[PDB]
C-alpha cells in the first residue's frame, strides 16, 4: 500500500554545473605554454649524473604535482635503473622514499632496506625520532606494505607518534604537510584531491620549490579541470533530461558526487569517454540501489530482478509504472554504450558490464529478502552476497568500457574475480558497513553486516567494527601485492581498481557516509576539483 517516507538530502549543487563554455583562447594559451614546460621538465628527468636522493625527490615532486602522467616512460626507466642497481647506504628519508616509489610502480624491492634503521628486536631505532623528514617518508612508505613486509609492522605507529609530537613546532609548509599526511596518507588518497592540496597548500609555499614545475602543475591542473567541467556539464544535461529528480523522487540525487567518483578512477584526458560512460552507470545503479534499499516492496523487487535477468524491453509491462522508468533508462543506456563503441568495433564488450549488473541486481534482491525476513546470516554467507552489492565488481568492469585499449583478454581476467579486484571490493564492503552502520540501523535494519558479525562471533559493536577494519587492512596488503611485477594485466587496468579502493577511504573518512551526506566530506573536494581553479 503506502511507501516509506523521504529522508534523503537534495543535490547541493542545483544547476551550477549544467552549463559550461570553454574559453578556447585560454585553453590554447595554457596548452601552448605547457608544451614548453613539458620539455623543460623532461630534460630535468634526463639530466645525467644526479644523486640518488635528488632523483627520487624529483620523481616524487612531479608525481604529487599531478603531472607525472606526462612522463611514464621516463619515470619508469629511472626507477627501473634504481631497482636494478642496489644502492644501500642511505638515510631513512631517501630509503623510505626509494621503497615507496618502487613499490607503487610494481618493483618488488626488499623491505630489508629498513634493517639498518632497526635494532636486533626488529623495532625502529628511537634515536630516529628527531628526523622529521625521514619519519614523514617512513610514514608514507608504511602504507604500501604487502604480507611479506612484517619488518615494517612498527613503521606506522612509530612514525605517527613522533610526527604528532614534532608537528606543532615545524616550519610551514612542512607542518601542514605533516598534519595532512597524518589525516590522509598519499598512497590511499584520491590522486586529484592530493594533487590539488599539494600544489596550492604545500609546493606553492615551499621556499625551495622549482618554479618551472609549479607553473607547469598549476597550468596543467586548471587545463584538465576545464575538460572535467565540460564532461560534468554534458553528464548534468543527460541526468536532467532523464528527470529522475521528479519522476523517481525516492532516490538520492547525486550525479555530481558520481562524477567525482569517476574522476577518482581516472583524471587523465585520454579517459574522457571512459569517465562519461562510468559516471552514467554509477548514478544509474545508484537509482537501482535506492529502489531495493528504500521503496521496493518484496514482490515489486522480484519482478524487477527477473526483468533485469531477461534484459528485454518486452518485460516492462510486468513492472510498476515507476519501475518502467528506471528499467527502460537502463536498457537505453546500454544501447548507447553499444553505439558509442560501435565506431571502434569495441561494441561487443558491453555484455561484460551487463552481466555484472545482472549479478548486482540478483544480490540486491537477496539482501532485501533478508531484511524483510530479518535474517541475520553468518558473516561468511553475508559476504558471499554483500560483496557484489558494493557494485565494485560492476564499476570496475564498467571502467574498462571507455578505455580504448582494453581487450577481451582483459575482461576475461577481470571476470575470474582476481585477488586485486576482490580486495578492493572487500575494502568497500567493510568500510561502508562501518561508516553507515548507524545510518542504516536507524530504519530498524537488521540485515546489516556488523550485526551479522556481532551475532556470529558473540562480540560487541566495538570489536565488530574493529574486526571489519582489519579486513580492510588485510585487503590493502593484497592490493599492494597485486601491483607488483609481473602484473597479470597491464598496470593501466590495475590502477582503476586501486583507485576504487582509494575512493572508499576518502569518501568514508572518519567513519561517515560521505556519499549520502556529501556536505561534510565530498563538497570540499568537489569545490576544489570542479569549481575553483588554482590561483595562478
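Only the largest set of C-alpha atoms that superpose within 1.5 Å between the two forms is called the rigid core. Numbering follows the first chain given and starts at 1.
Enquirer: Which of these two stretches, 463-471 or 39-47, has the larger RMS Cα offset in 6 other deposited structures of this protein when the rigid core is kept aligned?
Expert: Between 463-471 and 39-47, the one lying farther away in 6 other deposited structures of this protein is 463-471.
Enquirer: To spell it out: superpose each other structure in 6 other deposited structures of this protein onto this one by the rigid core, compute Cα RMS over structures and residues for 439-447 and for 228-236. Which is larger?
Expert: Clearly, after the core fit, the stretch farther away in 6 other deposited structures of this protein is 439-447.
Enquirer: Between 8-16 and 524-532, which has the higher average C-alpha B-factor in the PDB entry?
Expert: Going by the record's values, the stretch with the higher mean is 8-16.
Enquirer: Can you tell me which stretch has the higher mean Cα B-factor, 277-285 or 307-315?
Expert: Result of the comparison: 307-315.
Enquirer: Could you tell me which one of 183, 456, 206, 140 shows the highest CA temperature factor in the PDB record?
Expert: Comparing C-alpha B-factors across 183, 456, 206, 140, the top value belongs to 456.
Enquirer: By the CA temperature factor listed in this entry, which of these ranks top: 233, 435, 163, 101?
Expert: That would be 435, according to the entry.
Enquirer: Could you tell me which third, lowest, middle or highest, the C-alpha B-factor of residue 502 occupies within its chain?
Expert: It belongs to the lowest third of the chain when residues are ordered by C-alpha B-factor.
Enquirer: When the modelled residues of the chain are sorted by Cα temperature factor, does residue 48 land in the lowest, middle or highest third?
Expert: Highest third of the chain for residue 48's C-alpha B-factor.
Enquirer: Going by the entry, which third of its chain does the Cα temperature factor of residue 382 land in?
Expert: Residue 382: CA B-factor falls in the middle third of its chain.
Enquirer: Would the CA B-factor of residue 375 place it in the lowest, middle or highest third of its chain?
Expert: For residue 375, whose C-alpha B-factor we compare with every modelled residue in the chain, the answer is the highest third.
Enquirer: In terms of the CA temperature factor given in the entry, to which third of its chain does residue 480 belong: lowest, middle or highest?
Expert: Its C-alpha B-factor belongs to the lowest third of this chain's values.
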